[PDB]
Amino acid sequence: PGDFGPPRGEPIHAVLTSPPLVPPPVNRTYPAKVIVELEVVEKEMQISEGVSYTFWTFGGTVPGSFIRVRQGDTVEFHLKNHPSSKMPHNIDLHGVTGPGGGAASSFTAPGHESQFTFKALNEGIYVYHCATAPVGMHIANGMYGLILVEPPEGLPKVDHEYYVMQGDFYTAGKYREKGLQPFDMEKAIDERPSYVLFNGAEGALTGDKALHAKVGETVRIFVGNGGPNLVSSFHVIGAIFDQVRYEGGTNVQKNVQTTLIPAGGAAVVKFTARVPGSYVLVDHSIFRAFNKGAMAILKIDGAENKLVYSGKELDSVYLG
């Protein structure tokens, strides 16, 4: 049932990545013991121009650090909780088979470190999130991320892998009201978010921080939805997904414009860059994208291909 036998070879100290980057393929034919260390940090960050928010984070980012292992691996998990934390925290990983996806075994007070071990029985792309009461609030404050469990043979190779995770956020104030915005439990219970974001901030993946590919390169995006409440009608403006791992499972659908990413769910999308310019990741529940912050940019650099996409060729008078 994911049974490749006991852990072999050297223990692996997992190299985690900050979004939107992804650890390299594990490139391994044997099951291993993987030691994952993950620090919970509560900190003010900018959520919009002139707007700050007290985020609760795995690894100092929203989403949290990307974790990458192989189906059959024994994961020795270390959840550190910085002594500056006001709150105890834990971790539920959707990749974990057992009570709380690890939550029951990872209650960690400030200035403490919980250890627990699990076998990663199933390949997939799995949300992890805090599961400390009140669970909705810990998720709302950005306590979510992704763990890739590679199939035994590994994923087909591509030029670029990217880590993107949508979240709905609940501020006392309305969209782009300046200053430190506290969390609003009432707006959260009502599923009425003030912001809908990729990677924890308006402009998180714009300008200098855009994703980059070149014409001719194949792109895989691991697309998490931490919620807490919204389901993403995930689309990239100007691309078609050649393949979607719908709901993050093993099987693919082909030639998909827009895929639904459940709350506490994920998907994998793959396409090839063919024409230069700006591509926009959106929640195509499209007021989220253009009125609440739910857009990220993939920039394609390289040669125009006018036989695939001409640009504007002609403007003319029209009388009708």
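When you see a residue number, it is the position in the sequence shown, counting from 1.
When the C-alpha B-factors of 4 to 12 and 310 to 318 are averaged, 4 to 12 comes out higher. Relative to its counterpart among 68 to 76 and 108 to 116, 108 to 116 has the higher mean temperature factor, C-alpha atoms as listed in the PDB entry. Across the options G224, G200, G207, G100, the residue with the most elevated CA B-factor in the record is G207. Comparing the C-alpha B-factors of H235, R220, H94, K86 in the entry, the top value falls on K86. Per the PDB record, residue ranking by Cα B-factor puts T61 in the middle third of the chain. In the PDB entry, a CA B factor belonging to the lowest third of its chain's modelled residues is recorded for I240. In the deposited entry, the Cα temperature factor of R288 sits in the bottom third of values across the chain's modelled residues. Ranked against the other modelled residues of its chain, the C-alpha B-factor of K157 as given in the entry falls in the highest third.
In the PDB entry, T250 places in the highest third of its chain by CA B-factor.
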